[PDB]
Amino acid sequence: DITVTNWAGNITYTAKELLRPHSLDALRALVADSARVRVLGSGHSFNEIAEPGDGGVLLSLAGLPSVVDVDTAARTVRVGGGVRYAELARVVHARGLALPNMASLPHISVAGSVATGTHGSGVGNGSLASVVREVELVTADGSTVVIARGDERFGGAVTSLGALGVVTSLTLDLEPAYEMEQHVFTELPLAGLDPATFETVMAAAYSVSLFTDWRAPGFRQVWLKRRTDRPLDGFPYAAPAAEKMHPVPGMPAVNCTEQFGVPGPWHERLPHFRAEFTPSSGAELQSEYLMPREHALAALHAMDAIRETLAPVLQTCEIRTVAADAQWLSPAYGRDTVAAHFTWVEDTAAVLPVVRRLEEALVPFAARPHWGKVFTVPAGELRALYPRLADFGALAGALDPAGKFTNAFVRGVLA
């Protein structure tokens, strides 16, 4: 017996072994011979999404080769589902190519990241799932099904909560390698941050994040990640940082990607954390809520008005933008989006009442929770938030009629 947990350690899985097949032949046979299956990627979810239930099989792709195969003429890369972004990015950069975005920390599986709606920031930048052009699935009976952009099912095939089968490979679209500079600023007030000024701030560079502790009024930090092949206007709205910064006040800035406007390659500037920073776990919980971009300032004012409730259990809050997603279950489905992320203290009993209060404040803004993070939004409210959820339920019924890949988390959503 071994104990398998998620990365933060707040979720302990029921599985007494983590199965790690060493060939596709073994993987197909294992899937075909198991009654219920969920896949474990890198465990950077915070809820029971990967839990297969008692007697369910928890399987990993860590025992298969981590393939990264770039076609330079086509500007595409075929990558194993268990490959993490840090390796993917190093490889494609060495071939002269690049991705349009990355999440805050690169040591996360590509298949697991796209499964839940993972994104970075920037008003013109889609989710990480949006560059995927093809997925290859091992389905419930062990057979392989390939689904590509243009297929009428493709909208449900990438961000699928792992509910269609085991993604063994994915193919992503790439662009030429590009250089970036990161400029940090401190103390951006919320007072006077009107709709025009908010839009200007969030569009001031290729990717922009705001950070706050919800203590003193306003925002503690603003991070501008600029492409050197694009203009950068003066940024008058907050003071330039005097020191290297960490998004969480009091944590080690050495861990973070280079600042002070020093040019470097895309994959060493899009993440907030440098590749050398390799935590095996973290003492944190996370939540994030994704809303129509037009509700940004109203939502920020709702949070400000309850900030004394948020602050005591908060490490940092990060505000980002995401372009509309074509994936039916993406929290960014169908609409340009503002995202409000919370990295909490790891105290489940103190955090849940605060999450409930936060969700109540955000209800009129059609807030969709990040599938990989902590939320308490009831299932019926969830279904009402996704116009194409029925299309998804139909696709899952077609590819997995016995619900082999549906666990209690997925079942609750679809019910």
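One-based numbering along the sequence shown.
Student: Given the B-factors recorded for C-alpha atoms, which segment has the greater mean, 227-235 or 198-206?
Tutor: Going by the record's values, the stretch with the higher mean is 227-235.
Student: So 49-57 or 384-392, which one's hotter by mean CA B-factor in the entry?
Tutor: It is 384-392 that shows the higher mean C-alpha B-factor.
Student: Out of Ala103, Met291, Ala241, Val345, which residue has the highest Cα temperature factor in the PDB record?
Tutor: Highest C-alpha B-factor among the listed residues goes to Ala241.
Student: Report the option among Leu358, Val39, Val374, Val68 whose CA atom has the maximum B-factor in the deposited record.
Tutor: Going by the entry's C-alpha B-factors, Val68 comes out highest.
Student: Mind checking which third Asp141 falls in for C-alpha B-factor across the chain?
Tutor: For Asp141, the deposited C-alpha B-factor lands in the middle third.
Student: Ranking every modelled residue in this chain by its Cα temperature factor as given in the entry, which third contains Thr278?
Tutor: Its C-alpha B-factor, which the entry lists for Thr278, ranks in the middle third among residues of this chain.
Student: Could you say whether, by C-alpha temperature factor, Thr321 belongs to the lowest, middle or highest third of its chain?
Tutor: Answer is lowest: the recorded C-alpha B-factor places it there.
Student: Within this chain's modelled residues, let me know which third the CA B factor of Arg220 belongs to: lowest, middle or highest.
Tutor: Within its chain, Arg220 is a middle-third residue by C-alpha B-factor, going by the deposited values.
Student: Relative to the other modelled residues of the same chain, rank the CA B-factor of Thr76 and answer lowest, middle or highest third.
Tutor: Highest third, going by the recorded CA B-factors of the chain.
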